[PDB]
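**Q** Questions regarding the structure given below will be posed in turn.
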Amino acid sequence: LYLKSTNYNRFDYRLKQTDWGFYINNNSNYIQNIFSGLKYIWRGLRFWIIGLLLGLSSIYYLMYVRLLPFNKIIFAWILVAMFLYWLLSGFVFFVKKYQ
Amino acid sequence: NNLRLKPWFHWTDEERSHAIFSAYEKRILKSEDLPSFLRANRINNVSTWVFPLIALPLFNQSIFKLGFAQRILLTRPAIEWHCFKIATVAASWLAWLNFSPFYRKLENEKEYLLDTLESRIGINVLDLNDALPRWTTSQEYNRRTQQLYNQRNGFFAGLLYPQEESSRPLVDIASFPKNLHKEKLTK
Amino acid sequence: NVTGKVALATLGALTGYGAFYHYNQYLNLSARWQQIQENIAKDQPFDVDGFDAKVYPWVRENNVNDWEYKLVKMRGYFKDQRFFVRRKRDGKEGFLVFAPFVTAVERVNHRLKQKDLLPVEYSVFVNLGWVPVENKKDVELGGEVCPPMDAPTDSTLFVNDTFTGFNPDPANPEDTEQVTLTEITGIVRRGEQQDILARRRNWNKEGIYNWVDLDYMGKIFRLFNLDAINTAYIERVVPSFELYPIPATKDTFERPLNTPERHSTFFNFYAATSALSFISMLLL
Amino acid sequence: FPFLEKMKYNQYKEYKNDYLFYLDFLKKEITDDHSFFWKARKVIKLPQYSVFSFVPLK
Amino acid sequence: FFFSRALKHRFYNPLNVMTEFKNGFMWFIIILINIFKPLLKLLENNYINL
Amino acid sequence: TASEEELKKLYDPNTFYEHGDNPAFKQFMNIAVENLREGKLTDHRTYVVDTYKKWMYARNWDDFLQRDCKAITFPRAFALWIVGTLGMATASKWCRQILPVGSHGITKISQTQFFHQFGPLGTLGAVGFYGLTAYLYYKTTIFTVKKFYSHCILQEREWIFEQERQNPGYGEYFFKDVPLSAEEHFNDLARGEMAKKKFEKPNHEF
Amino acid sequence: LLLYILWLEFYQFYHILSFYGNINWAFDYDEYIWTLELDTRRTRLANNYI
Amino acid sequence: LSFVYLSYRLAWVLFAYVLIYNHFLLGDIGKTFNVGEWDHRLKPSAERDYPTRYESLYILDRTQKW
Ligand SMILES: CCCCCCCCCCCCCCCCCC(=O)OC[C@H](COP(=O)([O-])OCC(O)COP(=O)([O-])OC[C@@H](COC(=O)CCCCCCCCCCCCCCCCC)OC(=O)CCCCCCCCCCCCCCCCC)OC(=O)CCCCCCCCCCCCCCCCC
């Protein structure tokens, strides 16, 4: 598939147009490290699959047993989510700043 | 009378198909009312997945040999020619799906079945409708009706699938006890 | 080759054993059916009256096999509800019709003026007859199965019975104790069981019934003596002549699933299979 | 407010799960099934018409 | 929800919208054709295998 | 012949029709006698017992645009179409940026960094995203064209919306000359006439 | 351990909030059916304060 | 950025709605407000326990639970 394929990608020319000395241009074939984005995607969602499965199943069960009206409760949950998230985001900002 | 609004004047195709399927499943519609409608249904399927095939060479003989098409073919890359052909065929396919003689025949057969239902149960035909699943389609409900017809009007009826003849007990529903109370929970 | 011979020998042995078992069952069933036919032709019904009408002899001694296909006679009032079980009689599709039959009533209320308690009714299921699928709509709710029993000629018999609790009084001063008694004669038969391969399977939710499930029939009709209902049921047999349901007679009462004809068919199938297996083994 | 009372359809809720006697229910006299009737709010002396329509104009 | 992201690509200009529609449809067609050509490759492989 | 004249006036098109209102009022009485049989309003609503088979209760995208977004009029439909056009253009640009095929001379999906990193799964995801966006845009375009044909060509309106437009809440427009102005000014003969027919009795042949 | 304490405290909290709706079964001897009845509750005020 | 922008747009629009409705559109409560409600599963389904914008399509009910 990559017999006559050049090394550079679009990002390589974009990098050659920038003063980013910390990034360099690839000079070898990418066959060795092909499909590494899937590896990093797995690593990103690795600790979240089991927790998300349990949490989403629990949330759906708790909604289903009570048959709550989806629009009203989703509006309420969006409001509560914004409330809690902005509180926790302010606290995360403080934790990060003081390093 | 064409001025009287039928009870299903607002139903979608999925709702009409589900109403027919529920009527057949609940033994309100017999297997003697389906054979026409079902037949039309099958034709409609063949009218959907064959049309692009039928429209592929015909355009090659009629539309894609015209001046505008030849100009596109000769003065634009082959990918743009493929894009033009696919877009034309897809637009024709969408127009066929919206306005198809066999689709009209299927809708007429469903309307006849709904008229039979209204003649049988009266205004309670509206009780056959529900809140359908979002991604279940009219074709899917028609296929379920066809499957139920094959199960009842064939082998294994009474062995793997319930029979079409009901054997419900003969009681007086005015006096027979009911499962649900009017307001409270009962045990 | 050798594997084929081994498979043929195993199949032949199994099918020969099946044929032998079915032949012995056919002999036993034919003998028992001849005995049953002779006993029925004797025509001496057992009168189920008094204590026997409250707790039945096949429930008290728990011997339904000793009381199977057995002529009995009992009096009571049928309840309105009817139950239909899909069945074929004489090779045409139809329904067996079952009705509750209250053979004894028990009153346990002592605050008669203050409270009007419902009586405790002891009932058994009676197979009224067979109605074709065309005429299932002709079965009427609360129909008259049999003409009501004649009033007794003994003036002392117009009181509530000691055991059954029935008053044979056409004009009863106690309106709440007024009963009409009809006297039926039938044969005690046992209940049926599920056999999917025999196409006797019932979908309770859909209302399709193919075999007599006495437990479910008792539960759905909100009857009381569920065990005495599950033990057996009485198939009504008219004396000589049989409009819907059509009652069974001495020669057309509903045949059980296990029949000498069925076992003969199974024996023929298994014997043919064993003979073919042995012929193929000899050829190989 | 007649469009709000869902007790009007409670008889239909029984057979959403117990299909057994649904067909017996369907063979019933139709009285107010899926229909709204507004009783007369005015005295109308028209003997020619047996029943009058007081459905809201909107 | 859609104003700012379209504003970035200057989609308030009707010409840019038409050009983007044409290019996006061509991109979709290219992807589908490149997906379905391996079927022809497998057909030729099946011929040689036969 | 007074009763005959009154009935003929009831069936006159200029009786229940005022300009700026529903043109179906030109044949109002006829329609009424076909629908308000026995004085009863048929309830076309569906009785639903919840099993959580639906959340949005929108049957299709047309229902969503008509009811959830309340694009009852044509200007609203065209505004939603403009929003959908911007969204579709943005989605097309995003898909062409993430999988640049046909942009810089690239002709194969293999020769993209997106395919190098994520492979065919990423291409499938991008195709699904573009297909969903194009499907929704097509549905929105069909809705907008239908609303343009109805409201602008056929001069149809959302007539309850028009009624709400005419009276700004607290106006004094209860007139004797207008039978539909109020409940007191609707003549009793019309009420009797619109309820003369009777419903058919179903034959319970099942 | 904090998860364990959270479950215990939530269990007690749920019980306490469940006190204030008196849900009982009432027998209707006329209809021979039990029904679920909802009612208020009366209790010593110290219980409400705690 | 999706969450950030969603939060900010919703906040601004809903706050504008609150101010405008509570200062300018209280003459007709029926026009500018909808009546909504949902109750416990133990109690029978509320009169206002229906999906809004579909009052002319569906009648929503549910079985009681305990
Ligand atoms: C087993 C396989 C496992 C995985 C294998 C590996 C897979 C790899 C490939 C994944 C997919 C690749 C294709 C992605 C396409 C987009 C690419 C992109 O970067 O877009 C730019 C976009 C943001 O770009 P930006 O310039 O930075 O904008 C910043 C803000 O977003 C600006 O926000 P804003 O508020 O300013 O703008 C609002 C709105 C503006 O939106 C727009 O401008 C256009 C959006 C569409 C609008 C359509 C409108 C239609 C007309 C409506 C008209 C009527 C009115 C409507 C009224 C109501 C409106 C609400 O923007 C958005 O909505 C942006 C978010 C879009 C997220 C899309 C996520 C799904 C993509 C895949 C779908 C797959 C479908 C099925 C496939 C299979 C089929 C057989 O990127 C993202 O949002 C990144 C996250 C999403 C990308 C995919 C991430 C995948 C991660 C791994 C998944 C693993 C499995 C699932 C579990 C995941 C757990 C977390």
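Naming scheme: A, B, ... for chains in displayed order of the structure tokens; residues 1 onward per chain; ligands 1 onward as shown.
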Using only C-alpha atoms and all ligand atoms, which residues have at least one atom no more than 7 Å from ligand 1? Output them as a ChimeraX atom specification.
**A** /A:38,41,45 /E:1-2,4-6 /F:65,69,80-81,83-88,90-91,94-95,98,118,121-129,133,136-137,140 /H:1-2,5-6
**Q** Taking only C-alpha atoms into account, find every residue of chain E that has an atom no more than 10 Å from chain F, and write it out as a CSV table (one decimal) with N, CA, C and O atoms, in the first residue's frame.
**A**
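Final output, result.csv:
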chain,number,residue,atom,x,y,z
E,1,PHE,N,-25.0,27.9,17.6
E,1,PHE,CA,-24.2,26.7,17.6
E,1,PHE,C,-23.5,26.5,16.3
E,1,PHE,O,-22.5,25.8,16.2
E,2,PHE,N,-24.0,27.0,15.2
E,2,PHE,CA,-23.4,26.9,13.9
E,2,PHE,C,-22.8,28.1,13.3
E,2,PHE,O,-22.1,28.1,12.3
E,3,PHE,N,-23.0,29.3,13.9
E,3,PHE,CA,-22.5,30.5,13.4
E,3,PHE,C,-21.0,30.7,13.4
E,3,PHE,O,-20.4,31.0,12.3
E,4,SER,N,-20.4,30.4,14.5
E,4,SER,CA,-19.0,30.7,14.7
E,4,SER,C,-18.1,29.8,13.8
E,4,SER,O,-17.2,30.3,13.1
E,5,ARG,N,-18.4,28.5,13.8
E,5,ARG,CA,-17.6,27.6,13.1
E,5,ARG,C,-17.7,27.8,11.6
E,5,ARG,O,-16.7,27.7,10.8
E,6,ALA,N,-18.9,28.2,11.1
E,6,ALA,CA,-19.1,28.6,9.7
E,6,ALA,C,-18.4,29.9,9.4
E,6,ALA,O,-18.0,30.2,8.3
E,7,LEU,N,-18.4,30.8,10.4
E,7,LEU,CA,-17.8,32.1,10.3
E,7,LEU,C,-16.3,31.9,10.1
E,7,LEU,O,-15.7,32.7,9.4
E,8,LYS,N,-15.7,30.9,10.7
E,8,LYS,CA,-14.2,30.7,10.6
E,8,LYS,C,-13.9,30.4,9.1
E,8,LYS,O,-12.8,30.9,8.6
E,9,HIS,N,-14.7,29.7,8.4
E,9,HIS,CA,-14.4,29.3,7.0
E,9,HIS,C,-15.1,30.3,6.0
E,9,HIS,O,-15.1,30.0,4.8
E,10,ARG,N,-15.6,31.4,6.5
E,10,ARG,CA,-16.3,32.4,5.7
E,10,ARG,C,-17.4,31.8,4.9
E,10,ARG,O,-17.5,32.0,3.7
E,11,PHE,N,-18.3,31.1,5.6
E,11,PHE,CA,-19.4,30.5,4.9
E,11,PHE,C,-20.6,31.4,4.9
E,11,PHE,O,-21.7,31.1,4.4
E,12,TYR,N,-20.5,32.6,5.4
E,12,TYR,CA,-21.5,33.7,5.2
E,12,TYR,C,-21.5,34.1,3.7
E,12,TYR,O,-22.5,34.7,3.3
E,16,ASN,N,-18.7,30.4,-1.2
E,16,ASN,CA,-18.0,29.4,-0.4
E,16,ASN,C,-18.8,28.2,0.0
E,16,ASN,O,-18.4,27.1,0.0
E,17,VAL,N,-20.1,28.5,0.3
E,17,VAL,CA,-21.0,27.4,0.6
E,17,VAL,C,-21.2,26.4,-0.6
E,17,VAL,O,-21.2,25.2,-0.5
E,18,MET,N,-21.4,27.0,-1.8
E,18,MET,CA,-21.6,26.2,-3.0
E,18,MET,C,-20.3,25.4,-3.3
E,18,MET,O,-20.4,24.2,-3.6
E,19,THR,N,-19.1,26.0,-3.2
E,19,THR,CA,-17.9,25.3,-3.4
E,19,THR,C,-17.7,24.2,-2.4
E,19,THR,O,-17.3,23.1,-2.8
E,20,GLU,N,-18.0,24.5,-1.2
E,20,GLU,CA,-17.9,23.5,-0.1
E,20,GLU,C,-18.8,22.3,-0.3
E,20,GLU,O,-18.4,21.1,-0.1
E,21,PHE,N,-20.0,22.6,-0.8
E,21,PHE,CA,-21.0,21.5,-1.0
E,21,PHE,C,-20.5,20.6,-2.2
E,21,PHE,O,-20.5,19.4,-2.0
E,22,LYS,N,-20.0,21.2,-3.2
E,22,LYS,CA,-19.5,20.4,-4.4
E,22,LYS,C,-18.3,19.6,-3.9
E,22,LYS,O,-18.2,18.4,-4.2
E,23,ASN,N,-17.3,20.2,-3.2
E,23,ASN,CA,-16.1,19.5,-2.8
E,23,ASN,C,-16.4,18.4,-1.8
E,23,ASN,O,-15.8,17.3,-1.9
E,24,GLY,N,-17.4,18.6,-0.9
E,24,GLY,CA,-17.7,17.6,0.1
E,24,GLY,C,-18.4,16.4,-0.6
E,24,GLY,O,-18.1,15.3,-0.2
E,25,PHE,N,-19.3,16.7,-1.5
E,25,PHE,CA,-19.9,15.6,-2.2
E,25,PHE,C,-18.9,14.8,-3.0
E,25,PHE,O,-19.0,13.5,-3.1
E,26,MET,N,-18.0,15.5,-3.7
E,26,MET,CA,-17.0,14.7,-4.4
E,26,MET,C,-16.1,13.9,-3.5
E,26,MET,O,-15.7,12.8,-3.8
E,27,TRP,N,-15.8,14.5,-2.3
E,27,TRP,CA,-15.0,13.7,-1.3
E,27,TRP,C,-15.7,12.5,-0.9
E,27,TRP,O,-15.1,11.4,-0.8
E,28,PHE,N,-17.0,12.6,-0.6
E,28,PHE,CA,-17.8,11.4,-0.3
E,28,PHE,C,-17.8,10.4,-1.4
E,28,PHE,O,-17.7,9.2,-1.1
E,30,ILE,N,-15.5,9.9,-3.7
E,30,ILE,CA,-14.2,9.3,-3.7
E,30,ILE,C,-14.1,8.2,-2.7
E,30,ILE,O,-13.6,7.1,-2.9
E,31,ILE,N,-14.5,8.5,-1.5
E,31,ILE,CA,-14.4,7.6,-0.4
E,31,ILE,C,-15.2,6.3,-0.7
E,31,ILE,O,-14.7,5.2,-0.5
E,32,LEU,N,-16.4,6.5,-1.2
E,32,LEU,CA,-17.2,5.3,-1.4
E,32,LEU,C,-16.6,4.4,-2.6
E,32,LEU,O,-16.6,3.2,-2.5
E,34,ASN,N,-13.4,4.3,-3.5
E,34,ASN,CA,-12.2,3.6,-3.0
E,34,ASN,C,-12.6,2.5,-2.0
E,34,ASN,O,-11.8,1.6,-1.9
E,35,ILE,N,-13.7,2.6,-1.4
E,35,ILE,CA,-14.2,1.5,-0.5
E,35,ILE,C,-14.6,0.3,-1.4
E,35,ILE,O,-14.3,-0.9,-1.1
**Q** Identify all chain H residues at most 8 Å from chain B by counting only C-alpha atoms; ligands do not count. Present them as a PDB file with N, CA and C atoms, in the first residue's frame.
**A**
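Writing done, so here's part_33.pdb:
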ATOM      1  N   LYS H  43     -48.451   7.240  42.560  1.00  0.00           N
ATOM      2  CA  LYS H  43     -49.696   7.936  42.297  1.00  0.00           C
ATOM      3  C   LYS H  43     -50.100   7.780  40.835  1.00  0.00           C
ATOM      4  N   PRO H  44     -51.393   7.903  40.532  1.00  0.00           N
ATOM      5  CA  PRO H  44     -51.824   7.845  39.132  1.00  0.00           C
ATOM      6  C   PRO H  44     -51.225   8.986  38.326  1.00  0.00           C
ATOM      7  N   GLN H  64     -48.898   2.192  37.387  1.00  0.00           N
ATOM      8  CA  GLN H  64     -48.376   2.518  38.704  1.00  0.00           C
ATOM      9  C   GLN H  64     -47.478   1.401  39.221  1.00  0.00           C
ATOM     10  N   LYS H  65     -46.496   1.784  40.030  1.00  0.00           N
ATOM     11  CA  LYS H  65     -45.530   0.851  40.583  1.00  0.00           C
ATOM     12  C   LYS H  65     -45.378   1.098  42.075  1.00  0.00           C
ATOM     13  N   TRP H  66     -45.034   0.041  42.801  1.00  0.00           N
ATOM     14  CA  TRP H  66     -44.769   0.146  44.230  1.00  0.00           C
ATOM     15  C   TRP H  66     -43.585  -0.727  44.624  1.00  0.00           C
TER      16      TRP H  66
END
**Q** Dump as an NGL selection string the residues of chain F that approach chain D to within 7 Å, counting only C-alpha atoms.
**A** :F and (38-44 or 180 or 188 or 191-192 or 194-196 or 204)
**Q** If we count only C-alpha atoms, which residues of chain A reach to within 8 Å of chain H? Please list them as a short mmCIF file (atom, residue, chain, number, x, y, z; two decimals) with C-alpha atoms, in the first residue's frame.
**A**
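For reference, iface08.cif as written:
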data_model
loop_
_atom_site.label_atom_id
_atom_site.label_comp_id
_atom_site.auth_asym_id
_atom_site.auth_seq_id
_atom_site.Cartn_x
_atom_site.Cartn_y
_atom_site.Cartn_z
CA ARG A 66 -39.53 5.63 36.80
CA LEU A 68 -39.28 10.08 33.60
CA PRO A 69 -40.14 12.56 30.82
CA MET A 82 -23.41 23.05 34.50
#
**Q** Mind checking DSSP for segment 106-139 of chain F and telling me the alpha helix (DSSP H) residues as a list in words?
**A**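 In segment 106-139 of chain F, DSSP puts these residues in alpha helix (DSSP H): residues 113, 114, 115, 116, 117, 118, 120, 121, 122, 123, 124, 125, 126, 127, 128, 129, 130, 131, 132, 133, 134, 135, 136, 137, 138 and 139 of chain F.
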**Q** I'd like the neighbourhood of residue 13 of chain A as a short mmCIF file (atom, residue, chain, number, x, y, z; two decimals) with C-alpha atoms, in the first residue's frame, where a residue qualifies if any of its atoms comes within 9 Å (using only C-alpha atoms), though same-chain residues fewer than 5 positions away should be ignored.
**A**
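selection07.cif, freshly written:
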data_model
loop_
_atom_site.label_atom_id
_atom_site.label_comp_id
_atom_site.auth_asym_id
_atom_site.auth_seq_id
_atom_site.Cartn_x
_atom_site.Cartn_y
_atom_site.Cartn_z
CA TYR A 8 6.06 13.75 4.20
CA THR A 18 6.31 27.32 11.17
CA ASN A 25 9.81 16.26 10.00
#
**Q** State, in Å with one decimal place, the distance from atom CA of residue 169 of chain F to atom CA of residue 184 of chain F.
**A**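 The value is 18.9 Å.
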**Q** When you get a sec, could you note down which chain H residues fall within 8 Å of chain D, using only C-alpha atoms, as an MDAnalysis selection string?
**A** chainID H and resid 47:48 59:61 63
**Q** For chain F, report every residue with an atom at most 9 Å from chain A (counting only C-alpha atoms), formatted as a list in words.
**A**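 Residues passing the distance filter: residues 50, 51, 52, 54, 55, 56, 100, 104, 110, 111, 112, 113, 114, 115, 116, 117, 118, 119 and 121 of chain F.
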**Q** Store the residues of this selection in a file with N, CA, C and O atoms, as a PDB file, in the first residue's frame.
**A**
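This went into again-v6.pdb:
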ATOM      1  N   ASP F  50     -46.363   4.138  28.536  1.00  0.00           N
ATOM      2  CA  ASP F  50     -44.924   4.263  28.354  1.00  0.00           C
ATOM      3  C   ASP F  50     -44.213   2.940  28.598  1.00  0.00           C
ATOM      4  O   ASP F  50     -44.452   2.264  29.603  1.00  0.00           O
ATOM      5  N   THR F  51     -43.334   2.576  27.664  1.00  0.00           N
ATOM      6  CA  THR F  51     -42.357   1.513  27.858  1.00  0.00           C
ATOM      7  C   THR F  51     -40.958   2.002  27.507  1.00  0.00           C
ATOM      8  O   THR F  51     -40.053   1.188  27.298  1.00  0.00           O
ATOM      9  N   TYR F  52     -40.777   3.322  27.441  1.00  0.00           N
ATOM     10  CA  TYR F  52     -39.505   3.957  27.093  1.00  0.00           C
ATOM     11  C   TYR F  52     -39.007   3.516  25.720  1.00  0.00           C
ATOM     12  O   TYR F  52     -37.806   3.353  25.498  1.00  0.00           O
ATOM     13  N   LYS F  54     -39.649   5.535  23.212  1.00  0.00           N
ATOM     14  CA  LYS F  54     -39.374   6.828  22.611  1.00  0.00           C
ATOM     15  C   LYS F  54     -39.029   7.826  23.705  1.00  0.00           C
ATOM     16  O   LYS F  54     -39.533   7.741  24.827  1.00  0.00           O
ATOM     17  N   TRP F  55     -38.159   8.772  23.366  1.00  0.00           N
ATOM     18  CA  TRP F  55     -37.790   9.864  24.256  1.00  0.00           C
ATOM     19  C   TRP F  55     -38.225  11.215  23.718  1.00  0.00           C
ATOM     20  O   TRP F  55     -38.856  11.993  24.442  1.00  0.00           O
ATOM     21  N   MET F  56     -37.900  11.519  22.462  1.00  0.00           N
ATOM     22  CA  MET F  56     -38.246  12.809  21.884  1.00  0.00           C
ATOM     23  C   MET F  56     -39.683  12.870  21.386  1.00  0.00           C
ATOM     24  O   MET F  56     -40.200  13.972  21.174  1.00  0.00           O
ATOM     25  N   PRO F 100      -8.081  14.419   4.085  1.00  0.00           N
ATOM     26  CA  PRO F 100      -7.888  15.255   2.894  1.00  0.00           C
ATOM     27  C   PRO F 100      -7.655  14.458   1.624  1.00  0.00           C
ATOM     28  O   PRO F 100      -6.517  14.335   1.164  1.00  0.00           O
ATOM     29  N   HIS F 104      -4.858  18.109  -1.785  1.00  0.00           N
ATOM     30  CA  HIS F 104      -3.491  18.476  -2.130  1.00  0.00           C
ATOM     31  C   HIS F 104      -2.902  17.538  -3.176  1.00  0.00           C
ATOM     32  O   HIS F 104      -1.705  17.247  -3.152  1.00  0.00           O
ATOM     33  N   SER F 110      -5.421   5.854   1.700  1.00  0.00           N
ATOM     34  CA  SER F 110      -4.219   5.373   2.370  1.00  0.00           C
ATOM     35  C   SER F 110      -3.214   6.497   2.577  1.00  0.00           C
ATOM     36  O   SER F 110      -2.548   6.561   3.616  1.00  0.00           O
ATOM     37  N   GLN F 111      -3.089   7.393   1.600  1.00  0.00           N
ATOM     38  CA  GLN F 111      -2.106   8.465   1.678  1.00  0.00           C
ATOM     39  C   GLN F 111      -2.635   9.658   2.462  1.00  0.00           C
ATOM     40  O   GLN F 111      -2.566  10.797   1.992  1.00  0.00           O
ATOM     41  N   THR F 112      -3.160   9.405   3.658  1.00  0.00           N
ATOM     42  CA  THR F 112      -3.547  10.455   4.587  1.00  0.00           C
ATOM     43  C   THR F 112      -3.051  10.075   5.972  1.00  0.00           C
ATOM     44  O   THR F 112      -2.993   8.895   6.322  1.00  0.00           O
ATOM     45  N   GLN F 113      -2.686  11.088   6.757  1.00  0.00           N
ATOM     46  CA  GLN F 113      -2.203  10.830   8.108  1.00  0.00           C
ATOM     47  C   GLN F 113      -3.305  10.266   8.992  1.00  0.00           C
ATOM     48  O   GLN F 113      -3.025   9.502   9.923  1.00  0.00           O
ATOM     49  N   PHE F 114      -4.558  10.624   8.710  1.00  0.00           N
ATOM     50  CA  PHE F 114      -5.681  10.079   9.462  1.00  0.00           C
ATOM     51  C   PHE F 114      -5.774   8.568   9.294  1.00  0.00           C
ATOM     52  O   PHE F 114      -6.014   7.841  10.264  1.00  0.00           O
ATOM     53  N   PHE F 115      -5.583   8.077   8.068  1.00  0.00           N
ATOM     54  CA  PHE F 115      -5.573   6.637   7.845  1.00  0.00           C
ATOM     55  C   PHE F 115      -4.349   5.981   8.466  1.00  0.00           C
ATOM     56  O   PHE F 115      -4.435   4.844   8.941  1.00  0.00           O
ATOM     57  N   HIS F 116      -3.203   6.665   8.456  1.00  0.00           N
ATOM     58  CA  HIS F 116      -2.018   6.116   9.104  1.00  0.00           C
ATOM     59  C   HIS F 116      -2.259   5.919  10.591  1.00  0.00           C
ATOM     60  O   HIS F 116      -1.843   4.909  11.167  1.00  0.00           O
ATOM     61  N   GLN F 117      -2.929   6.876  11.231  1.00  0.00           N
ATOM     62  CA  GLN F 117      -3.119   6.790  12.673  1.00  0.00           C
ATOM     63  C   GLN F 117      -4.243   5.829  13.043  1.00  0.00           C
ATOM     64  O   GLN F 117      -4.056   4.948  13.886  1.00  0.00           O
ATOM     65  N   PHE F 118      -5.416   5.974  12.426  1.00  0.00           N
ATOM     66  CA  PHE F 118      -6.601   5.271  12.895  1.00  0.00           C
ATOM     67  C   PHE F 118      -7.130   4.217  11.933  1.00  0.00           C
ATOM     68  O   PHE F 118      -7.971   3.409  12.337  1.00  0.00           O
ATOM     69  N   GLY F 119      -6.670   4.192  10.689  1.00  0.00           N
ATOM     70  CA  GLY F 119      -7.030   3.135   9.777  1.00  0.00           C
ATOM     71  C   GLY F 119      -8.457   3.216   9.276  1.00  0.00           C
ATOM     72  O   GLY F 119      -9.085   4.279   9.277  1.00  0.00           O
ATOM     73  N   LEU F 121     -11.234   2.291  10.530  1.00  0.00           N
ATOM     74  CA  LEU F 121     -12.251   2.690  11.497  1.00  0.00           C
ATOM     75  C   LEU F 121     -12.487   4.194  11.461  1.00  0.00           C
ATOM     76  O   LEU F 121     -13.633   4.655  11.525  1.00  0.00           O
TER      77      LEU F 121
END
**Q** List the neighbours of residue 271 of chain C out to 12 Å using only C-alpha atoms; skip same-chain residues closer than 6 positions along the sequence, and give me the result as a VMD selection string.
**A** chain C and resid 11 to 23 263 to 265 277 to 278
**Q** Mind writing the picked residues with N, CA and C atoms as an mmCIF file, in the first residue's frame?
**A**
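Final file, result-v8.cif:
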data_model
loop_
_atom_site.group_PDB
_atom_site.id
_atom_site.type_symbol
_atom_site.label_atom_id
_atom_site.label_comp_id
_atom_site.auth_asym_id
_atom_site.auth_seq_id
_atom_site.Cartn_x
_atom_site.Cartn_y
_atom_site.Cartn_z
ATOM 1 N N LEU C 11 -27.974 -47.620 15.298
ATOM 2 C CA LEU C 11 -29.306 -47.168 14.912
ATOM 3 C C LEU C 11 -30.290 -48.328 14.872
ATOM 4 N N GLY C 12 -29.864 -49.475 14.342
ATOM 5 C CA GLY C 12 -30.741 -50.629 14.299
ATOM 6 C C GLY C 12 -31.117 -51.121 15.680
ATOM 7 N N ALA C 13 -30.149 -51.156 16.599
ATOM 8 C CA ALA C 13 -30.448 -51.574 17.964
ATOM 9 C C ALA C 13 -31.432 -50.618 18.628
ATOM 10 N N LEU C 14 -31.187 -49.310 18.501
ATOM 11 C CA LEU C 14 -32.074 -48.335 19.129
ATOM 12 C C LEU C 14 -33.481 -48.407 18.549
ATOM 13 N N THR C 15 -33.595 -48.491 17.223
ATOM 14 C CA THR C 15 -34.911 -48.533 16.599
ATOM 15 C C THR C 15 -35.630 -49.846 16.876
ATOM 16 N N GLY C 16 -34.901 -50.961 16.956
ATOM 17 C CA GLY C 16 -35.532 -52.213 17.333
ATOM 18 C C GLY C 16 -36.056 -52.188 18.754
ATOM 19 N N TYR C 17 -35.284 -51.610 19.678
ATOM 20 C CA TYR C 17 -35.779 -51.467 21.042
ATOM 21 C C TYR C 17 -37.002 -50.561 21.091
ATOM 22 N N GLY C 18 -36.983 -49.466 20.328
ATOM 23 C CA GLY C 18 -38.146 -48.595 20.277
ATOM 24 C C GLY C 18 -39.376 -49.300 19.739
ATOM 25 N N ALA C 19 -39.202 -50.096 18.683
ATOM 26 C CA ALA C 19 -40.317 -50.857 18.133
ATOM 27 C C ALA C 19 -40.853 -51.863 19.142
ATOM 28 N N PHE C 20 -39.961 -52.553 19.857
ATOM 29 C CA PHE C 20 -40.409 -53.512 20.864
ATOM 30 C C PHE C 20 -41.183 -52.822 21.982
ATOM 31 N N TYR C 21 -40.670 -51.687 22.463
ATOM 32 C CA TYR C 21 -41.360 -50.941 23.509
ATOM 33 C C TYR C 21 -42.735 -50.487 23.039
ATOM 34 N N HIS C 22 -42.813 -49.949 21.820
ATOM 35 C CA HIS C 22 -44.095 -49.482 21.310
ATOM 36 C C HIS C 22 -45.062 -50.631 21.075
ATOM 37 N N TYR C 23 -44.564 -51.803 20.678
ATOM 38 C CA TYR C 23 -45.448 -52.951 20.508
ATOM 39 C C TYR C 23 -46.026 -53.405 21.841
ATOM 40 N N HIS C 263 -49.289 -45.915 18.927
ATOM 41 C CA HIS C 263 -48.169 -46.798 19.222
ATOM 42 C C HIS C 263 -47.905 -47.773 18.084
ATOM 43 N N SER C 264 -48.942 -48.177 17.347
ATOM 44 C CA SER C 264 -48.725 -49.023 16.181
ATOM 45 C C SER C 264 -47.985 -48.268 15.087
ATOM 46 N N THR C 265 -48.319 -46.991 14.883
ATOM 47 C CA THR C 265 -47.584 -46.193 13.905
ATOM 48 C C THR C 265 -46.122 -46.044 14.306
ATOM 49 N N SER C 277 -31.788 -50.367 8.484
ATOM 50 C CA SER C 277 -30.437 -50.290 9.028
ATOM 51 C C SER C 277 -29.721 -51.628 8.912
ATOM 52 N N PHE C 278 -30.415 -52.722 9.230
ATOM 53 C CA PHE C 278 -29.797 -54.040 9.121
ATOM 54 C C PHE C 278 -29.509 -54.405 7.669
#
